[PDB]
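Please read the structure below before turning to the comments.
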Amino acid sequence: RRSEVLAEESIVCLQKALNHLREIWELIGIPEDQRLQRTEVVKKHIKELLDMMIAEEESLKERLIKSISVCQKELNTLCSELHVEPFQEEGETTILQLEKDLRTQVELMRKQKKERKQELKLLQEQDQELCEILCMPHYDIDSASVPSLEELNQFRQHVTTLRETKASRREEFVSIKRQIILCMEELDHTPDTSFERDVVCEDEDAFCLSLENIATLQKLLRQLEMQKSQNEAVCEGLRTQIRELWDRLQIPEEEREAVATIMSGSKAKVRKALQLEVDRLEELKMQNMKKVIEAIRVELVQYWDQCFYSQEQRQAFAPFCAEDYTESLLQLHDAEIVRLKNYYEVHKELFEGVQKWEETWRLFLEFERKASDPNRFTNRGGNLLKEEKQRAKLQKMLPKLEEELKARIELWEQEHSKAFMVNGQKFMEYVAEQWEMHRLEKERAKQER
Amino acid sequence: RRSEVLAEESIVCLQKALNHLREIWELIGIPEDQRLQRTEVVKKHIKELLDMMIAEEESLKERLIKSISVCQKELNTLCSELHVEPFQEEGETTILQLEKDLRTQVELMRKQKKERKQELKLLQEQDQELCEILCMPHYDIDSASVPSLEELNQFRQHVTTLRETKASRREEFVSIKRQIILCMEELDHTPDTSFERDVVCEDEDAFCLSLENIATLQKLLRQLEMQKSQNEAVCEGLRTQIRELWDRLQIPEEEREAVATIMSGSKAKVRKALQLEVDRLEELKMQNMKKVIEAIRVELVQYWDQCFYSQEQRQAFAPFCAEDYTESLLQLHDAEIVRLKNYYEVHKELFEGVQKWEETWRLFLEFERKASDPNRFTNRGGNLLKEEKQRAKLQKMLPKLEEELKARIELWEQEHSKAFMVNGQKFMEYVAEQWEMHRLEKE
């Protein structure tokens with residue numbers, strides 16, 4: 001109302017000024033011509049200014065009103081694209097205020113739109129990122145244009161669940177790697193594969209966490225466990241074989257407790273040591289049986305020096321040589337030597353007398369040689385009579401044997417049959433041949449007397 | 001009531017405009033703040049403009065008053081100078097019209113001021129120009145400041161009178177110049193003086209028409225006129241002497257006419273010719289008296305033989321033997337020939353007898369000679385008788401003559417006295433002294 005009064009005040013000012021100008025035009029003489037020529041200037045300036053400001057405001061009405069008319073199309077645009085009810089009031093209803101508020105709400109909803117597009121951009125920046133790793137497809141909108149709150153939250157839950165699954169698969173990767181490492185450390189493997197080097201050495205983050213690479217990881221663990229299982233099986237075999245030779249040989253407590261260290265974790269370089277021990281134990285059995293079989297062969301030689309010996313009867317055997325020691329060899333020697341022992345115990349006295357004859361014979365030859373006077377009396381060993389005295393006893397002992405030996409031999413053929421060889425044939429023929437050489441020596445020495 | 005109408009018209013326009021603009025401010029919601037601002041803008045600007053208008057009007061009004069004041073004082077001062085005729089118009093004073101009027105009157109007063117001052121300068125210029133030539137004083141001022149109409153009149157009348165005097169001086173100059181010209185023509189002067197040659201040859205406009213050169217001029221004219229008068233007087237004297245010589249001489253009337261042309265003016269030609277004429281006439285007179293004197297001398301010598309003379313008588317008189325032919329000498333010779341002719345004529349009867357005796361005696365000697373020589377008979381002229389007879393007659397006449405003659409010779413010495421001689425002595429003795437020369441010639 002102050003302005004509405006200041007208007008009337010201005011009018012009053014004008015009227016007063018005009019009155020004054022009319023006064024000073026009277027104090028001095030001034031024609032109506034110059035008076036009108038001076039009032040015309042004032043009216044001109046006035047009209048000019050009035051037209052100026054009134055143009056400013058008249059144009060201003062059109063400006064604000066057009067601004068509103070456009071702004072409403074703009075809001076109807078921005079309330080359709082964005083599912084939100086338009087806002088308004090019913091008091092002012094003031095052109096200025098209405099225009100200002102309309103432009104305000106428009107700017108606001110543009111900020112909203114920009115924020116939605118931006119949020120969408122970030123969501124995409126996470127989506128394309130994660131989908132590359134899990135090898136999952138995205139995402140079917142397909143709107144680089146406009147979104148909605150419902151759709152926004154949908155994609156939000158989508159991404160969050162994606163992060164959940166990604167974290168889970170990451171945990172799986174972690175654990176399985178933690179196991180694979182131990183397996184490779186056990187088998188002493190070292191990767192040597194592009195994939196293996198990725199898993200073990202690239203040390204995250206990797207890889208394409210699609211079901212493919214994961215399945216390959218699982219398969220790798222299965223392979224390491226396969227090799228480990230193989231090791232355990234084989235070395236179980238060896239560990240059991242050493243128990244076999246344990247029981248067969250001796251299995252002492254101390255030795256067993258010693259090898260018990262080797263009776264441990266299969267999957268290593270232990271295998272070589274165990275195979276070494278097996279070859280060593282087999283060789284040990286071979287050499288032990290070698291000692292035993294050698295000994296028994298010596299006993300065979302002794303028992304063949306006890307009776308016998310046709311070298312063809314020595315060759316009547318077979319296990320001589322025997323560079324191979326196939327255990328059963330021992331089982332052969334046992335049989336032959338047992339047979340030989342029993343057979344000896346059967347014809348014991350026979351062979352006893354058989355040696356008795358050669359002993360008595362050689363001795364008797366020595367005594368006859370001493371009695372044949374190589375020097376005698378002058379060069380010999382007294383007593384000289386006792387030598388004859390025993391020579392007689394020997395000479396009595398011989399035919400008692402010869403008759404007793406010719407009996408058992410002739411009895412043996414009836415008992416066993418059918419031939420006889422005693423490093424010569426038969427045996428009493430050798431005897432008679434020795435009696436022959438002796439009696440011939442004596443008959444020839446008799447001519448020397 | 002028309003400017004007032006347009007004024008109320010503008011008030012209406014303003015009111016309407018304010019109403020409409022306020023209405024626009026009510027339609028569109030203006031929070032009064034901007035209203036109160038804009039109204040302030042309007043009132044401020046308009047009050048500024050109107051105050052500019054008013055201030056301009058006040059400045060111009062006060063200025064007009066100042067102009068009226070200055071022009072008023074100025075007009076007082078412009079009324080004092082020249083003539084005090086202030087002018088006032090009754091009716092409507094009217095500030096503007098009064099200013100325009102006072103300004104105009106000031107303009108006109110300045111105008112006639114400059115006009116009268118310039119006219120003063122010009123009048124002084126003419127004044128000096130003329131006063132340089134007429135050599136008159138000027139003027140009684142010079143008071144170059146301010147003139148009055150009356151003073152203008154005084155200077156004017158002064159100049160007019162000066163022009164009159166100038167014209168007069170020039171007229172007299174012309175007349176006297178002409179006269180002097182004719183004078184110098186008469187005597188063939190050829191000016192010769194710086195003044196003479198300015199006057200004659202320079203032929204205007206000079207010299208200084210002062211009292212100086214005018215007095216000098218008239219003095220020169222007096223000199224030349226005196227010269228001419230002297231000359232004419234001399235010529236008149238010559239003419240008079242010539243006339244006197246005419247009266248003294250025979251002077252033919254047919255010879256007195258052609259000599260009238262020479263007796264004219266007083267030119268040097270006339271002068272010289274007159275002098276020559278006089279000299280010629282004096283010489284002629286002298287030669288005439290000469291001829292006459294010589295003639296009288298020969299008449300004397302005619303009479304110096306008839307009775308006279310003797311060497312003493314030849315020495316007697318004879319003053320003329322130097323030829324000074326005056327009228328006095330003429331008179332002398334006249335007296336002598338008169339006295340001589342009379343001395344002879346008085347004794348003419350007494351003088352003839354001498355020649356008679358001498359002739360008679362001479363021829364007597366002739367006859368006495370021819371009658372003595374005896375060779376006569378053979379070689380002489382007859383008649384001898386006549387000869388002898390005549391001789392006898394002679395001897396008869398001779399002594400009878402001497403008788404009648406000796407009576408007159410003694411009678412003359414009885415008068416004037418006392419003796420006479422002729423070529424010695426002589427005379428009557430010589431008469432007888434010849435008879436003895438005959439008487440001795442006979443022995």
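To be explicit about the labels: the chains of the structure tokens are called A, B, and onward in the order shown, and within each one the residues are counted from 1, while ligands get numbers from 1 in the order they are shown.
Residues within 9 Å of residue 116 of chain B, counting only C-alpha atoms and excluding same-chain residues fewer than 3 positions away, are residues 111, 112, 113, 119, 120, 121, 146, 147, 148, 149 and 152 of chain B.
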For the selection just defined, write its residues with C-alpha atoms to a file, as a PDB file, in the first residue's frame.
```
ATOM      1  CA  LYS B 111      27.310  50.912 -34.426  1.00  0.00           C
ATOM      2  CA  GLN B 112      26.995  54.697 -34.594  1.00  0.00           C
ATOM      3  CA  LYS B 113      29.868  54.928 -32.107  1.00  0.00           C
ATOM      4  CA  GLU B 119      34.525  59.105 -39.696  1.00  0.00           C
ATOM      5  CA  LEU B 120      36.635  61.085 -37.228  1.00  0.00           C
ATOM      6  CA  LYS B 121      39.754  59.136 -38.199  1.00  0.00           C
ATOM      7  CA  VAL B 146      34.962  61.116 -28.949  1.00  0.00           C
ATOM      8  CA  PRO B 147      33.290  63.565 -31.387  1.00  0.00           C
ATOM      9  CA  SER B 148      30.018  65.487 -31.121  1.00  0.00           C
ATOM     10  CA  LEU B 149      27.645  66.248 -33.997  1.00  0.00           C
ATOM     11  CA  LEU B 152      31.651  67.143 -36.595  1.00  0.00           C
TER      12      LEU B 152
END
```
message: Contacts from chain B to chain A, 8 Å maximum, only C-alpha atoms: show me the residue list as JSON, numbers by chain.
response: {"B": [2, 3, 4, 6, 7, 8, 10, 11, 14, 15, 17, 18, 21, 22, 24, 27, 28, 29, 30, 32, 35, 36, 39, 43, 47, 50, 54, 57, 61, 94, 95, 96, 97]}
Next, dump the selected residues to file, keeping only N, CA, C and O atoms, as a short mmCIF file (atom, residue, chain, number, x, y, z; two decimals), in the first residue's frame.
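In the end it all went to result_30.cif:
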```
data_model
loop_
_atom_site.label_atom_id
_atom_site.label_comp_id
_atom_site.auth_asym_id
_atom_site.auth_seq_id
_atom_site.Cartn_x
_atom_site.Cartn_y
_atom_site.Cartn_z
N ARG B 2 -3.33 26.78 -22.87
CA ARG B 2 -3.10 25.70 -23.83
C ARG B 2 -1.99 24.79 -23.32
O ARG B 2 -2.14 23.56 -23.31
N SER B 3 -0.89 25.39 -22.89
CA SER B 3 0.20 24.65 -22.26
C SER B 3 -0.31 24.00 -20.98
O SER B 3 0.14 22.93 -20.60
N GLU B 4 -1.27 24.67 -20.34
CA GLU B 4 -1.92 24.13 -19.15
C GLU B 4 -2.79 22.93 -19.51
O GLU B 4 -2.86 21.95 -18.76
N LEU B 6 -2.25 20.88 -22.13
CA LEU B 6 -1.33 19.78 -22.41
C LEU B 6 -0.71 19.26 -21.11
O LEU B 6 -0.35 18.08 -21.01
N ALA B 7 -0.58 20.15 -20.13
CA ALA B 7 -0.07 19.77 -18.81
C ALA B 7 -1.01 18.80 -18.12
O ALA B 7 -0.60 17.72 -17.69
N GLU B 8 -2.28 19.18 -18.01
CA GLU B 8 -3.29 18.31 -17.42
C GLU B 8 -3.41 17.01 -18.21
O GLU B 8 -3.67 15.94 -17.65
N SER B 10 -0.90 15.51 -19.74
CA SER B 10 0.21 14.69 -19.28
C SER B 10 -0.04 14.09 -17.89
O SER B 10 0.35 12.95 -17.62
N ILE B 11 -0.68 14.86 -17.02
CA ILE B 11 -1.09 14.35 -15.71
C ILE B 11 -1.99 13.13 -15.88
O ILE B 11 -1.80 12.10 -15.22
N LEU B 14 0.01 10.10 -17.06
CA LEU B 14 0.74 9.53 -15.93
C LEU B 14 -0.17 8.69 -15.04
O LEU B 14 0.17 7.55 -14.70
N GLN B 15 -1.32 9.25 -14.67
CA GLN B 15 -2.27 8.55 -13.82
C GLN B 15 -2.68 7.20 -14.42
O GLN B 15 -2.62 6.16 -13.75
N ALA B 17 -1.12 5.43 -16.74
CA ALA B 17 0.04 4.55 -16.77
C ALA B 17 0.28 3.87 -15.43
O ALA B 17 0.49 2.66 -15.36
N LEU B 18 0.26 4.67 -14.36
CA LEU B 18 0.46 4.16 -13.01
C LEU B 18 -0.59 3.11 -12.66
O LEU B 18 -0.26 2.02 -12.17
N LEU B 21 0.06 -0.17 -14.73
CA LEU B 21 1.26 -0.87 -14.27
C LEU B 21 1.03 -1.55 -12.92
O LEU B 21 1.48 -2.68 -12.70
N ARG B 22 0.32 -0.86 -12.03
CA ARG B 22 -0.04 -1.44 -10.74
C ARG B 22 -0.92 -2.67 -10.95
O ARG B 22 -0.77 -3.68 -10.25
N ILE B 24 -0.89 -4.66 -13.56
CA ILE B 24 0.02 -5.73 -13.98
C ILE B 24 0.75 -6.32 -12.77
O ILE B 24 0.96 -7.53 -12.68
N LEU B 27 -1.83 -8.61 -11.03
CA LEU B 27 -2.09 -9.84 -11.79
C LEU B 27 -0.97 -10.83 -11.52
O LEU B 27 -1.17 -11.85 -10.85
N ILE B 28 0.22 -10.52 -12.03
CA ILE B 28 1.42 -11.23 -11.64
C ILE B 28 1.70 -10.87 -10.19
O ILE B 28 1.74 -9.69 -9.84
N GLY B 29 1.88 -11.87 -9.34
CA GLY B 29 2.07 -11.63 -7.93
C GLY B 29 3.40 -11.00 -7.57
O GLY B 29 4.41 -11.70 -7.44
N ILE B 30 3.42 -9.68 -7.43
CA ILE B 30 4.61 -8.97 -6.98
C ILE B 30 4.53 -8.73 -5.47
O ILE B 30 3.55 -8.17 -4.98
N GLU B 32 5.18 -6.71 -3.33
CA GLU B 32 5.22 -5.33 -2.83
C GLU B 32 6.64 -4.76 -2.72
O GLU B 32 6.86 -3.57 -2.96
N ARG B 35 7.59 -3.82 -6.04
CA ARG B 35 6.72 -2.69 -6.34
C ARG B 35 7.32 -1.41 -5.76
O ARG B 35 7.52 -0.42 -6.46
N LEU B 36 7.61 -1.45 -4.46
CA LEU B 36 8.17 -0.31 -3.75
C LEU B 36 9.52 0.11 -4.33
O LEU B 36 9.89 1.29 -4.27
N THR B 39 8.61 1.76 -8.10
CA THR B 39 7.99 3.07 -7.93
C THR B 39 9.04 4.11 -7.57
O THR B 39 9.04 5.23 -8.09
N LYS B 43 9.83 7.56 -9.71
CA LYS B 43 9.78 8.89 -9.10
C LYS B 43 11.15 9.57 -9.07
O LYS B 43 11.26 10.77 -9.31
N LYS B 47 11.73 12.98 -11.18
CA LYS B 47 12.08 14.16 -10.39
C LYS B 47 13.41 14.73 -10.86
O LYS B 47 13.57 15.94 -10.94
N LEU B 50 12.65 16.57 -14.33
CA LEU B 50 11.92 17.81 -14.09
C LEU B 50 12.80 18.86 -13.43
O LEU B 50 12.77 20.03 -13.80
N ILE B 54 13.68 22.61 -14.79
CA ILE B 54 13.50 23.78 -13.94
C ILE B 54 14.81 24.54 -13.73
O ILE B 54 14.84 25.76 -13.87
N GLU B 57 15.71 26.44 -16.70
CA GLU B 57 14.87 27.64 -16.78
C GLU B 57 15.34 28.76 -15.84
O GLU B 57 15.32 29.93 -16.21
N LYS B 61 16.76 32.34 -16.95
CA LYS B 61 16.05 33.52 -16.46
C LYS B 61 17.02 34.51 -15.82
O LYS B 61 17.11 35.68 -16.22
N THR B 94 7.65 42.91 -20.27
CA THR B 94 8.08 41.64 -20.87
C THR B 94 9.59 41.45 -20.80
O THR B 94 10.34 42.02 -21.60
N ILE B 95 10.03 40.65 -19.83
CA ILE B 95 11.45 40.40 -19.58
C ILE B 95 12.24 40.08 -20.85
O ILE B 95 13.25 40.74 -21.14
N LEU B 96 11.78 39.09 -21.60
CA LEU B 96 12.47 38.66 -22.81
C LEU B 96 12.52 39.76 -23.87
O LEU B 96 13.60 40.08 -24.39
N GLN B 97 11.37 40.34 -24.18
CA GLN B 97 11.28 41.40 -25.16
C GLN B 97 12.12 42.61 -24.74
O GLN B 97 12.77 43.24 -25.57
#
```
message: as a PyMOL selection string, please: every residue in segment 176-411 of chain B that DSSP puts in helix (DSSP H, G or I).
response: chain B and resi 176-187+194-202+211-248+253-255+258-260+268-306+311-315+327-346+348-370+374-377+384-411
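Coordinates place atom CA of residue 297 of chain A at a distance of 15.2 Å from atom CA of residue 311 of chain A.
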task: Find the spatial neighbours of residue 388 of chain A, counting only C-alpha atoms, within a cut-off of 8 Å - ignore same-chain residues fewer than 4 positions away - and output them as a count of residues only.
output: 3
- request: Just give me the gap between atom CA of residue 79 of chain A and atom CA of residue 102 of chain A in Å, one decimal is fine.
  value: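 Between these atoms lies a distance of 12.6 Å.
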Selection near residue 310 of chain A, 12 Å with only C-alpha atoms, sequence-local residues under 4 positions removed, as an mmCIF file with C-alpha atoms, in the first residue's frame:
```cif
data_model
loop_
_atom_site.group_PDB
_atom_site.id
_atom_site.type_symbol
_atom_site.label_atom_id
_atom_site.label_comp_id
_atom_site.auth_asym_id
_atom_site.auth_seq_id
_atom_site.Cartn_x
_atom_site.Cartn_y
_atom_site.Cartn_z
ATOM 1 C CA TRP A 304 79.582 -140.685 -0.537
ATOM 2 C CA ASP A 305 83.113 -140.905 0.828
ATOM 3 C CA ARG A 314 78.141 -139.156 -8.076
ATOM 4 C CA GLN A 315 76.786 -137.999 -11.429
ATOM 5 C CA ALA A 316 73.778 -140.246 -10.807
ATOM 6 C CA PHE A 317 72.595 -137.255 -8.795
ATOM 7 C CA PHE A 420 78.208 -154.695 -7.844
ATOM 8 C CA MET A 421 80.818 -152.012 -8.520
ATOM 9 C CA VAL A 422 83.212 -150.666 -5.882
ATOM 10 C CA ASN A 423 85.553 -148.340 -7.781
ATOM 11 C CA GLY A 424 86.156 -151.581 -9.648
ATOM 12 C CA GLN A 425 84.378 -154.886 -10.236
#
```
- prompt: Leaving out residue 365 of chain A and any residue of its chain fewer than 5 positions from it, which residues lie within 10 Å of it when counting only C-alpha atoms, given as a PyMOL selection string?
  reply: chain A and resi 359-360+370-371+391+438
Residues within 12 Å of residue 397 of chain A, only C-alpha atoms, excluding chain neighbours under 6 positions, as a ChimeraX atom specification: /A:353,356-357,359-361,364,390-391,403-404
